[PDB]
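Peer 1: Please read through the structure below; I'll follow up with questions.
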Amino acid sequence: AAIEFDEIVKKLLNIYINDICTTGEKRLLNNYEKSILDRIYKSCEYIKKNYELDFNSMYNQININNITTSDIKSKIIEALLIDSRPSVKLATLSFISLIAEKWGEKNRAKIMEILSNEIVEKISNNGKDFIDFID
Amino acid sequence: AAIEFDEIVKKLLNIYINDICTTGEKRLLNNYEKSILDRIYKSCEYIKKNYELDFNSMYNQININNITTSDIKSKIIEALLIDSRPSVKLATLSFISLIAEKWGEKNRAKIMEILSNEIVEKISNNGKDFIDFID
Amino acid sequence: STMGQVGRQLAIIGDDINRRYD
Amino acid sequence: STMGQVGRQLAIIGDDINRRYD
């Protein structure tokens with residue numbers, strides 16, 4: 001019959017349930033975890049604001065068309081592979097956060113499969129030192 | 001060295017970047033879409049509050065251990081397969097929202113692969129009538 | 001015949017939603 | 001030798017972050 005709103009509903013339902021998932025996840029964090037998570041939001045926003053042009057230049061490097069997710073992942077992780085100070089972890093995470101912000105029209109999967117496995121493991125390594133750095 | 005915070009960092013980084021993704025997605029919605037999405041949040045919260053025990057009973061039916069994601073999906077979709085009025089779509093969506101809220105410790109994927117493909121298509125069908133129902 | 005309980009209840013809730021939204 | 005530009009810049013930003021957080 002009238003199909004002209006079908007895609008809108010599908011799109012808004014995915015956004016809606018992904019958000020409830022996050023809420024469900026946050027709800028089971030204890031207060032210490034909630035406090036660290038908050039520090040992560042704030043530090044990354046600070047870094048994204050203060051290195052905006054750096055990040056824009058870096059963004060244009062990986063927002064080209066002739067590139068796969070594995071290649072983007074390789075470009076981004078390269079700093080950590082040789083230098084894993086928490087400052088670089090924060091820079092790397094903040095950049096990934098910027099990409100997430102900018103790829104709103106893409107499938108969430110194409111941001112999450114940048115972060116997942118190797119990069120998140122590399123950042124999580126010595127997580128205590130990372131937490132100590134931002135807390 | 002000190003590994004005892006590694007899993008916490010990994011967990012909080014997944015929650016953090018999934019949330020930024022949502023924000024990136026919401027940011028590119030136009031005002032009409034933002035208004036419909038808001039109606040979805042509110043209607044579902046209303047239904048979840050008003051049919052709490054119904055939903056708890058239904059929840060216990062699919063929160064057992066001897067069950068796969070495909071079976072859970074089959075149990076939930078069954079109402080729509082024969083009765084696709086918007087009221088049942090809203091009930092179905094609200095129930096899925098409840099599950100998302102309660103499975104905070106599970107991988108997000110095990111909520112999202114309930115909704116994705118067949119169920120979201122079934123709800124999105126005649127989306128206009130669905131929007132008209134809640135707007 | 002007989003739906004699974006979950007679907008049976010969602011239809012019940014659905015009917016009730018319909019009745020009050022009128 | 002020479003990192004890809006992205007990694008080169010993240011390391012640059014990283015150094016700068018380190019300097020101010022002191």
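A note on labels: chains of the structure tokens are A, B, ... as shown, every chain counts residues from 1, and ligands are counted from 1 in their shown order.
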Enumerate as JSON, numbers by chain all residues of region 59-128 of chain A assigned to helix (DSSP H, G or I) by DSSP on the backbone, naming them with the chain letters and numbers the document uses.
Peer 2: {"A": [59, 60, 61, 62, 69, 70, 71, 72, 73, 74, 75, 76, 77, 78, 79, 80, 81, 82, 86, 87, 88, 89, 90, 91, 92, 93, 94, 95, 96, 97, 98, 99, 100, 101, 102, 109, 110, 111, 112, 113, 114, 115, 118, 119, 120, 121, 122, 123, 124, 127, 128]}
Peer 1: Export, as a PDB file, in the first residue's frame, the selected residues with C-alpha atoms.
Peer 2:
ATOM      1  CA  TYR A  59      40.090  11.777   8.918  1.00  0.00           C
ATOM      2  CA  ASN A  60      40.431  12.754   5.256  1.00  0.00           C
ATOM      3  CA  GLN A  61      43.227  10.182   4.953  1.00  0.00           C
ATOM      4  CA  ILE A  62      40.885   7.297   5.828  1.00  0.00           C
ATOM      5  CA  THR A  69      38.074  -1.618   6.790  1.00  0.00           C
ATOM      6  CA  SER A  70      41.236  -3.673   7.315  1.00  0.00           C
ATOM      7  CA  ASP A  71      43.336  -0.938   5.695  1.00  0.00           C
ATOM      8  CA  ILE A  72      41.711   1.803   7.780  1.00  0.00           C
ATOM      9  CA  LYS A  73      42.377  -0.310  10.858  1.00  0.00           C
ATOM     10  CA  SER A  74      46.013  -0.756   9.823  1.00  0.00           C
ATOM     11  CA  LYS A  75      46.529   2.989   9.336  1.00  0.00           C
ATOM     12  CA  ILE A  76      45.014   3.843  12.722  1.00  0.00           C
ATOM     13  CA  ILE A  77      46.662   1.131  14.829  1.00  0.00           C
ATOM     14  CA  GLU A  78      50.159   1.773  13.460  1.00  0.00           C
ATOM     15  CA  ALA A  79      51.087   4.331  16.135  1.00  0.00           C
ATOM     16  CA  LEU A  80      50.233   1.950  18.992  1.00  0.00           C
ATOM     17  CA  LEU A  81      52.128  -0.968  17.429  1.00  0.00           C
ATOM     18  CA  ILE A  82      55.419   0.769  18.294  1.00  0.00           C
ATOM     19  CA  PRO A  86      48.536   6.114  27.397  1.00  0.00           C
ATOM     20  CA  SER A  87      48.749   9.510  25.657  1.00  0.00           C
ATOM     21  CA  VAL A  88      48.795   7.777  22.262  1.00  0.00           C
ATOM     22  CA  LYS A  89      46.009   5.427  23.375  1.00  0.00           C
ATOM     23  CA  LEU A  90      43.925   8.482  24.230  1.00  0.00           C
ATOM     24  CA  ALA A  91      44.764  10.088  20.883  1.00  0.00           C
ATOM     25  CA  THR A  92      43.883   6.874  19.057  1.00  0.00           C
ATOM     26  CA  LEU A  93      40.618   6.425  20.946  1.00  0.00           C
ATOM     27  CA  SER A  94      39.651  10.061  20.428  1.00  0.00           C
ATOM     28  CA  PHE A  95      40.229   9.711  16.688  1.00  0.00           C
ATOM     29  CA  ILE A  96      38.065   6.584  16.553  1.00  0.00           C
ATOM     30  CA  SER A  97      35.423   8.549  18.447  1.00  0.00           C
ATOM     31  CA  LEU A  98      35.603  11.311  15.827  1.00  0.00           C
ATOM     32  CA  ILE A  99      35.079   8.776  13.039  1.00  0.00           C
ATOM     33  CA  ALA A 100      32.036   7.349  14.836  1.00  0.00           C
ATOM     34  CA  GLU A 101      30.607  10.865  15.048  1.00  0.00           C
ATOM     35  CA  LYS A 102      31.110  11.494  11.331  1.00  0.00           C
ATOM     36  CA  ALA A 109      29.364  -2.247  12.110  1.00  0.00           C
ATOM     37  CA  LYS A 110      31.876  -0.383   9.929  1.00  0.00           C
ATOM     38  CA  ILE A 111      32.950   1.738  12.890  1.00  0.00           C
ATOM     39  CA  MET A 112      32.796  -1.063  15.447  1.00  0.00           C
ATOM     40  CA  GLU A 113      34.953  -3.473  13.411  1.00  0.00           C
ATOM     41  CA  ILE A 114      37.677  -0.821  13.366  1.00  0.00           C
ATOM     42  CA  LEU A 115      37.740  -0.797  17.168  1.00  0.00           C
ATOM     43  CA  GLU A 118      43.079  -5.824  17.804  1.00  0.00           C
ATOM     44  CA  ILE A 119      42.744  -2.096  18.550  1.00  0.00           C
ATOM     45  CA  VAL A 120      40.599  -2.478  21.680  1.00  0.00           C
ATOM     46  CA  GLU A 121      42.981  -5.186  22.925  1.00  0.00           C
ATOM     47  CA  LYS A 122      45.978  -2.935  22.291  1.00  0.00           C
ATOM     48  CA  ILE A 123      44.402  -0.074  24.262  1.00  0.00           C
ATOM     49  CA  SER A 124      43.088  -2.363  27.014  1.00  0.00           C
ATOM     50  CA  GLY A 127      44.420  -0.775  31.253  1.00  0.00           C
ATOM     51  CA  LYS A 128      45.327   0.288  34.780  1.00  0.00           C
TER      52      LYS A 128
END
Peer 1: Could you work out which residues of chain D fall inside 7 Å of chain A? Count only C-alpha atoms, and format the result as a compact mmCIF listing (two decimals) with N, CA, C and O atoms, in the first residue's frame.
Peer 2:
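Generated output (out29.txt):
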# COMPACT_ATOMS: atom_id res chain seq x y z
N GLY D 4 53.08 5.52 8.27
CA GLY D 4 52.00 6.14 7.52
C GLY D 4 51.64 7.44 8.23
O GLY D 4 51.88 7.58 9.43
N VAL D 6 48.88 8.92 9.23
CA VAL D 6 47.93 8.86 10.33
C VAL D 6 48.62 8.49 11.64
O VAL D 6 48.44 9.17 12.66
N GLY D 7 49.41 7.42 11.62
CA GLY D 7 50.16 7.01 12.79
C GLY D 7 51.18 8.05 13.19
O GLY D 7 51.39 8.31 14.38
N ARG D 8 51.82 8.65 12.19
CA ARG D 8 52.80 9.71 12.42
C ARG D 8 52.15 10.86 13.20
O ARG D 8 52.74 11.38 14.15
N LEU D 10 49.19 10.73 15.00
CA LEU D 10 48.69 10.29 16.30
C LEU D 10 49.82 10.29 17.33
O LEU D 10 49.59 10.58 18.51
N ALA D 11 51.02 9.97 16.88
CA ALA D 11 52.19 10.00 17.74
C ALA D 11 52.55 11.44 18.09
O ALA D 11 52.93 11.74 19.22
N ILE D 13 50.36 14.01 18.18
CA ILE D 13 49.33 14.42 19.14
C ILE D 13 49.62 13.80 20.51
O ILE D 13 49.49 14.46 21.54
N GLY D 14 50.01 12.53 20.50
CA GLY D 14 50.34 11.81 21.72
C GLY D 14 51.43 12.50 22.52
O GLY D 14 51.31 12.66 23.74
N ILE D 17 49.94 15.69 24.00
CA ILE D 17 49.08 15.37 25.14
C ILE D 17 49.93 15.15 26.39
O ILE D 17 49.65 15.69 27.46
N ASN D 18 50.98 14.34 26.23
CA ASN D 18 51.91 14.03 27.31
C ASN D 18 52.51 15.29 27.95
O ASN D 18 52.68 15.36 29.16
Peer 1: For chain A, list the residues within 8 Å of chain B, counting only C-alpha atoms, and write the list as a compact mmCIF listing (two decimals) with N, CA, C and O atoms, in the first residue's frame.
Peer 2:
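Once everything was written out, this is result-v3.txt:
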# COMPACT_ATOMS: atom_id res chain seq x y z
N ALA A 1 0.83 -1.20 0.00
CA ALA A 1 0.00 0.00 0.00
C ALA A 1 0.87 1.25 0.00
O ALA A 1 1.42 1.63 -1.04
N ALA A 2 1.01 1.90 1.16
CA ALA A 2 1.88 3.06 1.30
C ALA A 2 3.20 2.62 1.91
O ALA A 2 3.27 2.29 3.10
N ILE A 3 4.25 2.62 1.10
CA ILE A 3 5.54 2.08 1.49
C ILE A 3 6.57 3.18 1.77
O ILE A 3 7.70 2.89 2.17
N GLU A 4 6.17 4.44 1.57
CA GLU A 4 7.14 5.53 1.49
C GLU A 4 7.79 5.88 2.84
O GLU A 4 8.73 6.69 2.87
N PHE A 5 7.31 5.29 3.93
CA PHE A 5 7.91 5.49 5.25
C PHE A 5 8.56 4.22 5.80
O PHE A 5 9.01 4.20 6.95
N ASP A 6 8.60 3.16 5.00
CA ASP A 6 9.13 1.89 5.46
C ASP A 6 10.60 1.98 5.90
O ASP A 6 10.97 1.47 6.95
N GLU A 7 11.42 2.63 5.09
CA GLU A 7 12.85 2.73 5.37
C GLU A 7 13.13 3.62 6.58
O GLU A 7 14.08 3.39 7.32
N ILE A 8 12.31 4.65 6.77
CA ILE A 8 12.45 5.53 7.93
C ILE A 8 12.21 4.75 9.21
O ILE A 8 12.97 4.87 10.17
N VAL A 9 11.15 3.95 9.23
CA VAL A 9 10.82 3.16 10.41
C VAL A 9 11.97 2.20 10.72
O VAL A 9 12.43 2.14 11.85
N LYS A 10 12.43 1.47 9.71
CA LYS A 10 13.53 0.52 9.89
C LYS A 10 14.77 1.21 10.45
O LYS A 10 15.44 0.68 11.35
N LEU A 12 14.97 4.13 12.18
CA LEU A 12 14.76 4.65 13.53
C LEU A 12 14.65 3.54 14.56
O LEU A 12 14.98 3.75 15.73
N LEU A 13 14.20 2.36 14.15
CA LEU A 13 14.10 1.23 15.06
C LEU A 13 15.48 0.69 15.42
O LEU A 13 15.71 0.27 16.55
N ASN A 14 16.41 0.69 14.46
CA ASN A 14 17.78 0.27 14.74
C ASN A 14 18.48 1.24 15.69
O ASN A 14 19.14 0.82 16.63
N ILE A 15 18.33 2.54 15.44
CA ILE A 15 18.90 3.55 16.33
C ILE A 15 18.30 3.42 17.72
O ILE A 15 19.01 3.51 18.73
N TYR A 16 16.99 3.21 17.78
CA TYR A 16 16.28 3.18 19.05
C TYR A 16 16.75 2.01 19.92
O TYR A 16 17.07 2.19 21.09
N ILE A 17 16.80 0.81 19.35
CA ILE A 17 17.12 -0.38 20.13
C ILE A 17 18.61 -0.45 20.46
O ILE A 17 18.99 -0.99 21.50
N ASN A 18 19.46 0.09 19.59
CA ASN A 18 20.89 0.18 19.92
C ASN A 18 21.11 1.08 21.14
O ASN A 18 21.99 0.82 21.95
N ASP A 19 20.31 2.13 21.26
CA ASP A 19 20.43 3.05 22.38
C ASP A 19 19.94 2.40 23.68
O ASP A 19 20.55 2.59 24.73
N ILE A 20 18.85 1.64 23.61
CA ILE A 20 18.33 0.96 24.80
C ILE A 20 19.35 -0.07 25.27
O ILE A 20 19.53 -0.26 26.47
N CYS A 21 20.02 -0.72 24.32
CA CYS A 21 21.11 -1.64 24.64
C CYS A 21 22.19 -0.97 25.48
O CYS A 21 22.61 -1.52 26.50
N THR A 22 22.62 0.21 25.05
CA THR A 22 23.63 0.98 25.77
C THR A 22 23.16 1.26 27.19
O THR A 22 23.93 1.12 28.15
N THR A 23 21.91 1.67 27.31
CA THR A 23 21.31 1.98 28.61
C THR A 23 21.30 0.74 29.49
O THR A 23 21.66 0.80 30.67
N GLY A 24 20.89 -0.38 28.92
CA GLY A 24 20.90 -1.65 29.62
C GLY A 24 22.30 -2.00 30.10
O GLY A 24 22.47 -2.57 31.17
N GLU A 25 23.30 -1.65 29.29
CA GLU A 25 24.69 -1.94 29.62
C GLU A 25 25.20 -1.01 30.72
O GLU A 25 25.85 -1.45 31.67
N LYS A 26 24.91 0.28 30.59
CA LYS A 26 25.33 1.27 31.58
C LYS A 26 24.71 1.00 32.95
O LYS A 26 25.33 1.23 33.98
N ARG A 27 23.48 0.50 32.94
CA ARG A 27 22.72 0.27 34.17
C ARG A 27 23.40 -0.75 35.08
O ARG A 27 23.26 -0.69 36.30
N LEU A 28 24.13 -1.69 34.49
CA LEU A 28 24.75 -2.77 35.25
C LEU A 28 26.20 -2.46 35.64
O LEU A 28 26.83 -3.23 36.34
N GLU A 33 32.90 2.06 37.74
CA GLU A 33 32.90 1.93 36.29
C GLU A 33 32.23 3.14 35.63
O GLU A 33 32.72 3.66 34.63
N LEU A 37 33.99 5.65 32.94
CA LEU A 37 33.34 5.87 31.65
C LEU A 37 33.13 7.36 31.41
O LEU A 37 33.35 7.86 30.31
N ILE A 40 36.23 8.99 30.40
CA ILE A 40 36.52 8.69 29.00
C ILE A 40 35.76 9.63 28.07
O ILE A 40 36.35 10.15 27.12
N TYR A 41 34.47 9.85 28.33
CA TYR A 41 33.69 10.80 27.53
C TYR A 41 34.36 12.17 27.52
O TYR A 41 34.54 12.77 26.46
N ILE A 96 39.10 7.57 16.85
CA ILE A 96 38.06 6.58 16.55
C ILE A 96 36.70 7.16 16.92
O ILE A 96 35.72 6.95 16.21
N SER A 97 36.65 7.89 18.02
CA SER A 97 35.42 8.55 18.45
C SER A 97 34.98 9.59 17.42
O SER A 97 33.79 9.72 17.14
N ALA A 100 33.38 7.79 14.47
CA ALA A 100 32.04 7.35 14.84
C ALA A 100 31.04 8.49 14.69
O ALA A 100 29.94 8.30 14.18
N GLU A 101 31.44 9.68 15.14
CA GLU A 101 30.61 10.87 15.05
C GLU A 101 30.27 11.23 13.60
O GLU A 101 29.17 11.69 13.31
N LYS A 102 31.23 11.01 12.70
CA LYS A 102 31.11 11.49 11.33
C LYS A 102 30.46 10.49 10.38
O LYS A 102 29.96 10.87 9.32
N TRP A 103 30.47 9.21 10.75
CA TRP A 103 29.93 8.15 9.90
C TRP A 103 28.53 7.73 10.35
O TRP A 103 28.21 6.55 10.41
N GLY A 104 27.69 8.72 10.65
CA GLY A 104 26.33 8.47 11.09
C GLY A 104 25.45 7.77 10.07
O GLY A 104 24.49 7.09 10.44
N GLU A 105 25.77 7.93 8.79
CA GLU A 105 24.97 7.32 7.72
C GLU A 105 25.41 5.89 7.40
O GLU A 105 24.66 5.13 6.79
N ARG A 108 26.70 0.98 11.63
CA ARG A 108 27.44 0.95 12.88
C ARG A 108 28.58 -0.07 12.88
O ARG A 108 29.62 0.14 13.51
N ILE A 111 32.15 1.03 11.90
CA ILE A 111 32.95 1.74 12.89
C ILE A 111 33.42 0.74 13.94
O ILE A 111 34.57 0.76 14.36
N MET A 112 32.51 -0.14 14.35
CA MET A 112 32.80 -1.06 15.45
C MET A 112 33.85 -2.11 15.08
O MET A 112 34.57 -2.58 15.96
N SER A 116 37.04 -3.12 17.35
CA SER A 116 36.98 -4.42 18.00
C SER A 116 38.21 -5.27 17.70
O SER A 116 38.93 -5.03 16.73
N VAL A 120 41.12 -2.56 20.32
CA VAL A 120 40.60 -2.48 21.68
C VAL A 120 41.49 -3.28 22.63
O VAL A 120 41.68 -2.90 23.78
N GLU A 121 42.04 -4.39 22.14
CA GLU A 121 42.98 -5.19 22.93
C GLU A 121 44.26 -4.40 23.20
O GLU A 121 44.80 -4.45 24.30
N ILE A 123 44.68 -1.14 23.30
CA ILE A 123 44.40 -0.07 24.26
C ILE A 123 44.16 -0.64 25.66
O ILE A 123 44.60 -0.06 26.65
N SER A 124 43.47 -1.78 25.73
CA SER A 124 43.09 -2.36 27.01
C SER A 124 44.30 -2.93 27.75
O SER A 124 44.31 -2.99 28.99
N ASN A 125 45.30 -3.37 26.99
CA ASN A 125 46.59 -3.77 27.55
C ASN A 125 47.09 -2.75 28.57
O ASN A 125 47.14 -1.56 28.27
N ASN A 126 47.45 -3.22 29.76
CA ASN A 126 47.86 -2.34 30.85
C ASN A 126 46.80 -1.27 31.10
O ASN A 126 47.13 -0.10 31.30
N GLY A 127 45.54 -1.68 31.08
CA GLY A 127 44.42 -0.78 31.25
C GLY A 127 44.54 0.09 32.49
O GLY A 127 44.08 1.24 32.49
N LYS A 128 45.15 -0.45 33.53
CA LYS A 128 45.33 0.29 34.78
C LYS A 128 46.08 1.59 34.55
O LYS A 128 45.68 2.64 35.03
N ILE A 131 43.77 3.99 32.79
CA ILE A 131 42.81 4.58 33.71
C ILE A 131 43.50 5.64 34.57
O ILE A 131 42.98 6.74 34.74
Peer 1: Would you compute the distance between CA of residue 16 (chain C) and CA of residue 68 (chain B)? Give it in Å to one decimal.
Peer 2: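 Separating CA of residue 16 (chain C) from CA of residue 68 (chain B) is a distance of 29.9 Å.
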